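> Build the 3D model from these lines:
(2 chains)
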Amino acid sequence: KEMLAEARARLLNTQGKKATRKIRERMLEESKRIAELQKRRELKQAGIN
RNA sequence: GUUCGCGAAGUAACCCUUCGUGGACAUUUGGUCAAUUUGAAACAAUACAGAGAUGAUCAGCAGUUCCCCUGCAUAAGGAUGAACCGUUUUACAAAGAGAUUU
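Numbers count the residues shown, from 1 in each chain, chains lettered A, B, ... in the order given. Provided below are the atomic coordinates:
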C-alpha cells in the first residue's frame, strides 16, 4: 500500500518545481489581488476615496 | 589710455605744461547648465523564503524578450543572469437517419 501510493504520487508529478512554484506564485497574486479589492470595497462602502 | 595733425591759454616765450578739437590704434564674452526637498540613481534597513530537469543532489550551453547588470570586450560572469509553465472554441464542412413548424 505504501509503495503503490508513493508510486501513484510520483506518476502525478507532471509539472516541475519551477512550474509548481509559479502556480504557487500566481495563486498568491490572485489571493493578494482579491484581498486588495476586498479592502478597497470596505473603504469604498466606508467613503474613504 | 598711446600716438598723429590743429587751435586756444600760461605767454609780445618755436622751451615746457594745460585746455579744447579731428583722425588712427582697441570693437559685441558667457550660458543645452540657477544655489538642499517637488523632474525622479540604486543599494542598504525589516520580515520571510532560499535554485532547472524529478525520488534526491547538481555541471551546463543555448533560444524569445517592448528585462537588464558587472565587465575594456564580439570573451566571461551574473541561479542554466531574471520572466518562459499562464489561459486555451469559428480559414468548420459533407453525407445519412429520425422527431418537429407549414
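> Report the distance from stretch A:6-15 to the chain centre.
20 Å (Cα atoms, centre = their mean, to the nearest Å).
> Can you check the distance spanned by that stretch, start to finish?
17 Å (Cα to Cα, to the nearest Å).
> That one and RNA strand B in contact?
Yes. Counting by Cβ under 7 Å from any atom of the strand, contacts between stretch A:6-15 and RNA strand B involve A:10, A:13, A:15. Yep, even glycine has a C-beta here, placed from its N, CA and C like the rest.
> do stretch A:17-26 as well
Yes. Residues of stretch A:17-26 contacting RNA strand B under Cβ under 7 Å from any atom of the strand: A:17, A:18, A:19, A:21, A:22, A:23, A:26.
> just the helices in chain A please.
Remark: helices assigned in chain A by DSSP state H are A:2-10, A:17-46.
> Most tightly packed of the ones you listed?
Neighbour counts (mean count of other Cβ atoms under 10 Å) averaged over each of the helices of chain A peak at helix A:17-46, with a mean of 10.
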